[PDB]
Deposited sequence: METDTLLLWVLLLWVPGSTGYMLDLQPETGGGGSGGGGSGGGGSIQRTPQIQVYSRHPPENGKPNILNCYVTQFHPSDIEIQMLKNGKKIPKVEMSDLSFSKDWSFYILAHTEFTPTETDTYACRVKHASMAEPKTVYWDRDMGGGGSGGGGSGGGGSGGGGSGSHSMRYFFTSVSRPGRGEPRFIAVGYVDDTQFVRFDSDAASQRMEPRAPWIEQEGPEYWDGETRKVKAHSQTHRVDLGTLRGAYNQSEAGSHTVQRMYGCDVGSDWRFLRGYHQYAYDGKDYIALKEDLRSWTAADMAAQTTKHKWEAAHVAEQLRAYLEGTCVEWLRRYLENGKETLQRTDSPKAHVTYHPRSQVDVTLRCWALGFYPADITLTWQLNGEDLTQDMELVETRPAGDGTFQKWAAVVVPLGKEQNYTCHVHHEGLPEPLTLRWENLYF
């Protein structure tokens, strides 16, 4: 349930995509599966993602709705059905303005809750109104979307439990999401003026807001923050009464919103309405939302040099996405030379992660992987049982 308040900011750089290519389920030759291409850390949001089989474009590839993480960097999941074999190669190819050439990555085998909305507007001077994309989450489960270039021109369901809501709900959310788009359109215009930028270039406004509740479903935290061209602009501080302005232009907005008492209006939504609707969603989506799936963990071996080995600690099938995955040598922990990938979606309501370390041969028993997750009664501790080396 979105905010009705629409404050305006007032009148007076590229990052490279990271790519993971991986299957939803453990890969077995001849068994139907889903291949994922998880593309993250990119800016601006305009991007082309293609999945390839033996170098040829796979035609039926589904893309997630554009969203972004805390640092404002975008992410998209692309996925397609596939049945792996011994000989077929698979890859994901990304074109983005940050890179001179496309990057191709081949598939290689060996108690709290939150509601959050994420909004992205991208100007396109001479080509109509900004591209506007909105997505809503409860915890790590997306439940609504809006895309200005989609056909419906309505807020749309993306989870079965929200489809219960009647037409009044959908009408209200559609009205509000369109109002968000217009506010962002205005913001793009005035921010362009504030930074003395030309009317020709494309620019980006991102906005995130929402609430966390505790184990008793009482208000825990609120958020309401903005970025311009992928950089912090203004953010509501944790007290929900003051602002962090990132530069001089944002200070003008800060003083404007201070004068108009915008923080107190947002506080009322964040501590009241946001929380009340989160509780409703948690009850309506109980089976899928009020759940913890524990990480299914194991350690794999991979020969490296004649002197050492790579040990990789896997965590699979877990929900929610928050997890701590760490290696420890002889009790003491250290992330000096630990490779750690971003937590990635399986595409079926669970997440995956791994952490890898290079261990000298003979000293493998000294290394232990530790998995902490709210689903686990006790933290898991794993070691590589050396059978066949």
query: Regions of the deposited sequence not represented in the model; finding: 1-20, 33-44, 143-163
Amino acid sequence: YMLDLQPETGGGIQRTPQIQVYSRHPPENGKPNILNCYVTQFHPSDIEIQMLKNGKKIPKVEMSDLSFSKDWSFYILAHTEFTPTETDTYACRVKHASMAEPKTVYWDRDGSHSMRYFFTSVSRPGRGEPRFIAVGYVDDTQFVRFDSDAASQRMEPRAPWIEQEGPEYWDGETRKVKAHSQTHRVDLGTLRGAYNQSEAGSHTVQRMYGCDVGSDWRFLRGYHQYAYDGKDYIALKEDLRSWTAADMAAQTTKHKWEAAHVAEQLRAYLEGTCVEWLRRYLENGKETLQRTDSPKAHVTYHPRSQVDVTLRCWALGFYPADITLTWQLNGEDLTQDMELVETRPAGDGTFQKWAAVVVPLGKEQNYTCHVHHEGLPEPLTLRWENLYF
From here on, numbers count along this sequence of modelled residues.
| item | value |
| --- | --- |
| 300-308 set against 273-281, stretch whose average Cα temperature factor tops the other in the entry | 300-308 |
| Which of 204-212 and 90-98 has higher mean CA B factor, as the PDB entry lists it | 90-98 |
| Residue of maximum C-alpha B factor among 41, 64, 343, 330, per deposited coordinates | 330 |
| Ranked C-alpha temperature factor of residue 77 among modelled chain residues, by third | lowest |
| Relative C-alpha B-factor of residue 325, binned into the chain's lowest, middle or highest third | highest |
| Residue 131 - Cα temperature factor, lowest/middle/highest third of chain | lowest |
| Where the record places residue 84 (Cα B-factor, split into thirds across the chain) | highest |
| Ranked against its chain, the third holding the CA B-factor of residue 107 | middle |
